[PDB]
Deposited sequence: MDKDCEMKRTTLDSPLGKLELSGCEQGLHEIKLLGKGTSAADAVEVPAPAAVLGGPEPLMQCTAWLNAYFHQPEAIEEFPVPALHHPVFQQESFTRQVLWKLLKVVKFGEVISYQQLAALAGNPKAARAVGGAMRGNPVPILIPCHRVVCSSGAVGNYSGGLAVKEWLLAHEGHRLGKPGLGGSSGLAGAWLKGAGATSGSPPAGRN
């Protein structure tokens, strides 16, 4: 599992994608014009990811046409409420949609685990790809975000919600 990295510039700042032949491991935000990945080439999960992010930001209308790379981060290798949460979020909530913590909890098999769900969100190694930014309060409020409220709001405004891009 030899780690490979590449960085990509985005409207959110520099993104560091890391992965192996078996799958994308992480997307990390290091902090108007589409940019290329600093290092071109494989492994495949990294090319898929970079292609996916470029579309998400600059070609959103076509986001569904891009394959979601295979994930190989430790959290996905073994079972856990955290994995079940991340996967459920990944496969269910799409571009423009939001979900409350309670709905995600129930979706993961336990309606009373909204808190554990909120916790599982901080353990997401691949933000944006796995839309933890779409998990919001049932009150209508945006809610907490591991990467800062401002980023969460940007992503949401980016997907159509009536919030100004901070």
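| field | Deposited-sequence segments unaccounted for in the coordinates | value | According to the deposited record, C-alpha coordinates are absent for 1 to 4, 36 to 44, 180 to 207, which together make up the missing parts.
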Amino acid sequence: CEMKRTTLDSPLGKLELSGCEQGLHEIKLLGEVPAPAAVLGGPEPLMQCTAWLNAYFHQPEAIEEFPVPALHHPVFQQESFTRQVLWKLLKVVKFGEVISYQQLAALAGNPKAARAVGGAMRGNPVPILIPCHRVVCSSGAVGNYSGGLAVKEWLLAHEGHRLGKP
From here on, numbers count along this sequence of modelled residues.
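| said: When the other structures of this protein are compared, and only where the residues around it are present, is residue 32 absent from a third or more of them? | reply: Result for residue 32: often missing, at least a third of the compared entries.
| Averaged over C-alpha atoms, is the B-factor higher for 103 to 111 or for 132 to 140 in this PDB entry? | Higher of the two, by average CA B-factor, is 103 to 111.
| said: Mean Cα B factor from the PDB record: higher for 113 to 121, or higher for 52 to 60? | reply: Higher mean C-alpha B-factor in the PDB entry: 113 to 121.
| query | Per the PDB entry, which option out of 40, 27, 98, 30 has the greatest Cα B factor? | reply | Of 40, 27, 98, 30, 30 has the highest C-alpha B-factor.
| message | Split into thirds by Cα B-factor across the chain's modelled residues, where does residue 46 land: lowest, middle or highest? | response | Middle third.
| task | Place residue 70 in the lowest, middle or highest third of its chain's C-alpha B-factors, as listed in the PDB entry. | result | According to the entry, residue 70 has a C-alpha B-factor in the chain's middle third.
| message | Quick check on the deposited entry: does the C-alpha B-factor of residue 20 sit in the lowest, middle or highest third of its chain? | response | Answer is highest: the recorded C-alpha B-factor places it there.
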